[PDB]
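Shown below, as structure tokens, is a lone chain in the form deposited without this ligand; questions about how it binds or moves come after it.
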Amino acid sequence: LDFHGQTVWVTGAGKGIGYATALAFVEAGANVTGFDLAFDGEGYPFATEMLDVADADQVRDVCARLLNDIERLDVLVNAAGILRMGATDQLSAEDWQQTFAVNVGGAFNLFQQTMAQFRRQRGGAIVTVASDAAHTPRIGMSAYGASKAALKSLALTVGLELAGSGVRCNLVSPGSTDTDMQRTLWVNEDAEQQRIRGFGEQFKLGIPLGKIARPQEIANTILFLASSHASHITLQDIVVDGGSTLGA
């Protein structure tokens, strides 16, 4: 999958899926810029822009600055996100509000500052990282799954709005993935095997392929959706979860 010479932006690029994705675009030849709240590593194989995707003004400022110097934004990847868990009636107000400002507002702000650019150049590709929790109700994640469902719907209507301009807009929806947020947030030790088996009691199915996702495996799916191999694919959402939702 060749991306040589293309300008690619990736949010949440500091860790996990976003970092894996930004790195994959570099390994595919692209000119990559990663955006995130912090970049605490000592080095990054892409250019990096500190940015709070929930701060609508900061997004306007950084995008205006970078759009001044780039002809063309070939690929935008929305991968920012935060996970706040709890039963619906126990979730704190802060957790509810920041879940939405990040998981939905983040993209919203990026769309508001980039959609003119996509209309100007008349093409390119967008991929947004939703979640399996947007395809199926998840105990403990009512708010998180709902933000990712709003994100998906936002991204699809944006896709319909730009299709006249020839912009393809798609989503990937990951299941359980080996990340630092997932590792720490497990704590049950053999938690990785308990996830693969499933939790019948909470109506959460196991994983038929018998393994959890690797971040590179999400990133590769994004690269396909961003590439010209997917030249007739728009408004689709690919679930990457070993089959755990049985295709839902």
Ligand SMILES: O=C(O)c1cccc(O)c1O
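C-alpha atoms forming the largest set that superposes within 1.5 Å between two forms make up the rigid core. So that there is no doubt, residue numbering starts at 1 and follows the sequence shown. Residues that one form lacks are left out of the comparison.
In what follows, reference is made to the form solved in complex with this ligand, a form of this protein that is not presented.
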{"query": "Per-stretch contact check against this ligand in the entry with it bound, the hit in 173-181, 67-75, 160-168, 87-95 (non-hydrogen atom, 4.5 angstroms)", "finding": "173-181"}
{"query": "is_contact(residue 60, this ligand) in the entry with it bound, heavy atom dist at most 4.5 Å", "finding": "no"}
{"query": "Non-hydrogen atom contact residue 233 with this ligand in the entry with it bound at 4.5 angstroms", "finding": "no"}
{"query": "Contact of residue 30 with this ligand in the entry with it bound (heavy atom, 4.5 Å)", "finding": "no"}
{"query": "Partner contact for residue 48 in the entry with it bound: this ligand, 4.5 angstroms, heavy atom", "finding": "no"}
{"query": "Residues of stretch 220-248 in contact with this ligand in the entry with it bound (4.5 Å, non-hydrogen atom)", "finding": "220, 224, 229, 240, 241, 242"}
{"query": "Post core alignment: residue 69 C-alpha displaced by 2 Å or more between this form and the one not shown", "finding": "no"}
{"query": "C-alpha of residue 29 off by 2 Å or more between this form and the one not shown on rigid core", "finding": "no"}
{"query": "Consecutive stretches, 3 or more residues long, displaced between this form and the one not shown (C-alpha shift of at least 2 Å once the core is aligned)", "finding": "41-43, 206-208"}
